[PDB]
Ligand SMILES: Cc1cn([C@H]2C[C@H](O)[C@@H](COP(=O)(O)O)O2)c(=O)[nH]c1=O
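For reference, the chain that follows is the form deposited without the ligand, supplied as structure tokens.
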């Protein structure tokens, strides 16, 4: 069958913790599951050098997209073909939020590039862990990314589930499980 879920939000919003707990919930139900992340899941070396360099927003986006392209072909699609629940910590929405809304690249173009890079694969549900940057390129930048994420979620209410990331981690996990139950 196959089921593709993603987690999104600012760095510091409990995405890794919630990915781990979601995988454990599915492991407890006997559902085979795969945990992965971006950047680095396709091309690990892209993660290393985005860490220690600052490029133009266009170059940054295209590197992320190259990693994304290998990630989809070598990790996500094969996992889904085996009937696994693939959970990716960050996917296309991160690039739209950080490089698009944050750094100012045009979103129609961003989505143009992603069409062939993702082979059109999009998640069935995306969990957005929303919070202000204080609760996790300056504060103004992170504010744009956050509002970008909220704007993206307003546009696709059938795909996005927006959770208050400031809540206790146990409540957030149970909320994710509640939203996910109907799809299993």
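Positions refer to the first chain, counted from 1.
In what follows, reference is made to the form deposited with the ligand bound, a form of this protein that is not presented.
Next item on the list: Answer with open or blocked: the shown chain lacks the ligand, so superimpose the ligand from its arrangement in the deposited complex and check for 3 or more ligand atoms within 2.4 Å of backbone or C-beta atoms.
Entry: Site status: open.
Checklist line | Location of the ligand contact in the deposited complex, chosen stretch of 61-69, 116-124, 155-163, 28-36 [non-hydrogen atom, 4.5 Å] | finding: So the stretch in question is 61-69.
Next item on the list: Give a yes/no on whether residue 101 approaches the ligand to within 4.5 Å in the deposited complex, heavy atoms considered.
Entry: Residue 101: no contact with the ligand in the deposited complex.
Note to self: Can you work out whether residue 144 and the ligand are in contact in the deposited complex, taking contact to mean some heavy atom pair no more than 4.5 Å apart?
What the structure shows: Flag for residue 144 set to no.
Note to self: Given a 4.5 Å distance limit between heavy atoms, list every residue of 9-24 close to the ligand in the deposited complex, or none if there are none.
What the structure shows: The stretch touches the partner through 11 alone.
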